[PDB]
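See below for the structure under consideration.
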Amino acid sequence: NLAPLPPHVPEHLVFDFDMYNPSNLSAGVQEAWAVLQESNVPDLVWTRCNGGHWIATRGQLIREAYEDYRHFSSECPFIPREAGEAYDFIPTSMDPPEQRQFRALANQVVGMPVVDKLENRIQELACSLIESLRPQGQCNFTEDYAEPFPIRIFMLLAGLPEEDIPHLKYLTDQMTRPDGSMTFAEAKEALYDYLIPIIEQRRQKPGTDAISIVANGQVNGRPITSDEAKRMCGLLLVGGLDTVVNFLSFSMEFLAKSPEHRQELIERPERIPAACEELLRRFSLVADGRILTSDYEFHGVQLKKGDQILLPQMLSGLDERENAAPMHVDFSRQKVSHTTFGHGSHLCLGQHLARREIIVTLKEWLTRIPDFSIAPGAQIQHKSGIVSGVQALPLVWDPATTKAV
Ligand code: HEM
Ligand SMILES: CC1(C)[C@@H]2CC[C@@]1(C)C(=O)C2
Ligand SMILES: [K+]
């Protein structure tokens, strides 16, 4: 359904891309979004889909807009507008300087020093899950590893019950890839309703789990409010439950389809961190955006106050102007340019946890299960949204080719 073209938008800038159901999704979600970078598409276009909004298609524009928070506000960061308007997570819905006190508090719970302390725990959980799968000769990778590995690490960090995972994971997905059974507001309210009594319990108490630390943090010379805590904790849960979870599946699908790349890392382990970075570029997966605070001419295009602009983090590293042969995976790529973790003041706080989870997975998977493939005749289906994902990833292998460590 196409929203009527607003009178300020020139007809030659129209390109009706649907971010929740892109036309060429069957080729792969990154491929479907990369259609925006074909020779027929300008660098700044208007889609009539999803209520109508701008899209910037190039790394240069995406970086520029994410630096200019004065014009491009994070107050309404999701499309469609009703989702962006309800969106009140902290720190993302705030801009500088207000945002910074909350970023600093979130860094106490997910920052590099926290991640470094978690090294053995992350290692143990990967090794144990993978060893349990190893002799079986098959798995449903999404449910058998991609979900429980990062999610259980997050639930440990947050001190939340593993039994709550199915419910919380379903709710988070409604905010990024809704199935239509819940509104954005309904899903967010349910997440908040879950967190409210937990936060009340952990406030004015000495817990050192992530929720306790957030709930007892001091911001702006006073205790954080219950409401501020809930808005932060909800965002941490969405990050924990719907980011790495999807990325691992894109990466493992690629490795299943590309034996030469598996061989590269099995036989050259110190290449894994570089490989991680290249996969983060090639299988980038996030796309949110901003709202115009004022009428503004941007690269000759008249943007109106209140217009939404989608600034897909996914697209910068896929841009030929940032990386030659962008769809090729080259673990020896000379400069790996991307904005996979975002750009500007909102740059991902979870990035260190993410990289550790990815690197540990690559090393510990290929050590035990060096040779695997997609189940014969399976068609892998992707799904698109604020965060994109893989519907299912059935893998098979000969257990005789595996190694118990
Ligand atoms: C592959 C993994 C991940 C990717 C690709 C990713 C991507 C991103 C992106 C693109 C942004 C900026 C969004 C914007 O500017 O509107 C962001 C912000 C953020 N991420 Fe990550 N993320 C990942 C993992 C995580 C994890 C594991 C957590 C927490 C456990 C997390 C927590 C956050 C938080 C709290 C912000 C908000 C920062 C702010 O607004 O100041 N992320 N992430
Ligand atoms: C865009 C994001 C990946 C970033 C962290 C979780 C997410 C869905 C947000 O709402 C901000
Ligand atoms: K909002």
Side-chain angles (χ1 to χ4, degrees), residues 28-30 110 115 118 121-134 138-157 165 169 172-173 176-177 237-258 261-262 265-266 272-286 313-314 317 329 331 338 340-341 348 350-370 372-375 378 380-397:
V29 69
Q30 289 78 16
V110 77
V115 183
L118 292 176
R121 191 76 198 79
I122 294 167
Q123 182 86 352
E124 188 287 327
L125 204 91
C127 292
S128 57
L129 281 165
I130 294 163
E131 173 58 25
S132 71
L133 298 175
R134 183 196 53 76
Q138 60 183 86
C139 70
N140 299 304
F141 184 82
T142 64
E143 64 194 322
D144 291 344
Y145 187 89
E147 287 167 20
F149 170 64
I151 296 170
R152 287 174 58 196
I153 287 170
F154 182 81
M155 301 293 277
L156 290 171
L157 181 68
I165 290 165
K169 172 60 176 160
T172 58
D173 290 0
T176 51
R177 294 175 307 285
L237 258 164
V238 175
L241 277 49
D242 200 41
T243 61
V244 183
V245 169
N246 299 301
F247 179 75
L248 289 174
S249 290
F250 291 121
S251 293
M252 205 62 70
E253 179 194 0
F254 172 75
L255 289 176
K257 287 172 184 187
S258 198
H261 288 84
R262 303 194 303 257
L265 308 179
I266 291 154
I272 287 169
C276 171
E277 211 65 25
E278 176 67 344
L279 298 166
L280 282 165
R281 182 194 69 76
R282 173 61 177 82
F283 301 105
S284 200
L285 69 171
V286 181
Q313 288 88 347
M314 178 203 300
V329 174
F331 292 162
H338 70 78
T340 289
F341 292 122
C348 182
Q351 65 169 317
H352 316 297
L353 184 60
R355 285 193 182 89
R356 203 64 50 97
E357 285 174 353
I358 298 154
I359 288 161
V360 167
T361 293
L362 292 171
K363 182 183 168 278
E364 300 312 330
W365 188 281
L366 294 169
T367 292
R368 289 169 179 81
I369 310 172
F372 54 98
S373 49
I374 308 290
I380 308 303
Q381 300 175 122
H382 293 172
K383 43 193 181 176
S384 183
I386 299 286
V387 186
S388 290
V390 179
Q391 280 218 278
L393 180 60
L395 301 180
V396 301
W397 59 93

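Counting begins at 1 with the first residue of the sequence. Computed over heavy atoms, backbone and side chain alike; hydrogens, waters and symmetry mates excluded.
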Sequence neighbours excluded - salt bridge (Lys or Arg N to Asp or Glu O under 4.0 Å) pairs with any residue from residues 355-364: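 As it turns out, the salt bridge (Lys or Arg N to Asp or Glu O under 4.0 Å) pairs with a partner in residues 355-364, which skip direct neighbours, are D116-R356, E119-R356, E277-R355, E364-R368.
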
Counterpart residues, side-chain hydrogen bond (donor to acceptor under 3.5 Å, both in side chains), relative to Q138 (two or more places apart):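 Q138 satisfies side-chain hydrogen bond (donor to acceptor under 3.5 Å, both in side chains) with no residue once adjacent residues are dropped.
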
Residue list, side-chain hydrogen bond (donor to acceptor under 3.5 Å, both in side chains) with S384, at least two apart or on another chain: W33

Residues two or more places apart in sequence or in another chain: which of them pass side chain to side chain contact (heavy atoms under 4.5 Å, CB included) with [X]?
X: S373; result: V396
X: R121; result: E124, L125, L156
X: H352; result: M112, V115
X: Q381; result: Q391

If you round to the nearest 0.5 Å, how far is [atom2] of [Y] from [atom1] of [X]?
X: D144; Y: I130; atom1: CG; atom2: CD1; result: 12.0 Å
X: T340; Y: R282; atom1: OG1; atom2: CZ; result: 11.5 Å
X: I380; Y: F250; atom1: CD1; atom2: CZ; result: 11.5 Å
X: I266; Y: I272; atom1: CD1; atom2: CD1; result: 9.5 Å
X: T361; Y: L248; atom1: OG1; atom2: CG; result: 4.5 Å

Pairing residues for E143 by the salt bridge (charged side-chain N to carboxylate O under 4.0 Å, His left out) criterion, not counting sequence neighbours: none

Non-neighbouring partners of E253 that pass salt bridge (charged side-chain N to carboxylate O under 4.0 Å, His left out), sequence neighbours left out: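 Applying salt bridge (charged side-chain N to carboxylate O under 4.0 Å, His left out) to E253 gives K257.
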
Any side-chain heavy-atom pair from [X] and [Y] closer than 4.5 angstrom?
X: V329; Y: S258; result: no
X: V29; Y: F283; result: no
X: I374; Y: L395; result: yes
X: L366; Y: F372; result: yes
X: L280; Y: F341; result: yes
X: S388; Y: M314; result: yes

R262 (side chain) donor-acceptor with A256 (main chain) under 3.5 angstrom: yes

Full working for side-chain contact (heavy atoms from CB on, under 4.5 Å) between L362 and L279: CA-CA 11 Å; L362 292 171; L279 298 166; 4.1 Å; yes

Test side-chain contact (heavy atoms from CB on, under 4.5 Å) applied to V390 and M252, step by step: CA-CA 11 Å; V390 179; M252 205 62 70; over 6 Å; no

Smallest separation among heavy atoms of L129 and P148, with atom names: CD1-C, 4.4 Å

Shortest non-hydrogen contact from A392 toward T142: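 In this case the closest contact between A392 and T142 is CA-CG2, 3.9 Å.
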
Residues in ring-ring contact (aromatic ring centres under 6.0 Å, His included) contact with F141, at least two apart in sequence or another chain: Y145, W365

Test ring-ring contact (aromatic ring centres under 6.0 Å, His included) applied to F331 - qualifying residues, sequence neighbours left out: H261

Contacts under 3.5 angstrom, residues 239-247 side chains, donor-acceptor by atom type, not counting sequence neighbours:
unit_1	atom_1	unit_2	atom_2	d
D242	OD1	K169	NZ	2.9
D242	OD1	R177	NH1	3.3
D242	OD1	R177	NH2	2.8
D242	OD1	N246	ND2	2.7
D242	OD2	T176	OG1	2.7
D242	OD2	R177	NH1	2.9
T243	OG1	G239	O	2.6
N246	ND2	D242	O	3.1

Step-by-step side-chain contact (heavy atoms from CB on, under 4.5 Å) determination, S251 to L255: CA-CA 6 Å; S251 293; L255 289 176; 5.5 Å; no

Evaluation steps, side-chain contact (heavy atoms from CB on, under 4.5 Å), between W397 and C139: CA-CA 9 Å; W397 59 93; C139 70; 3.9 Å; yes

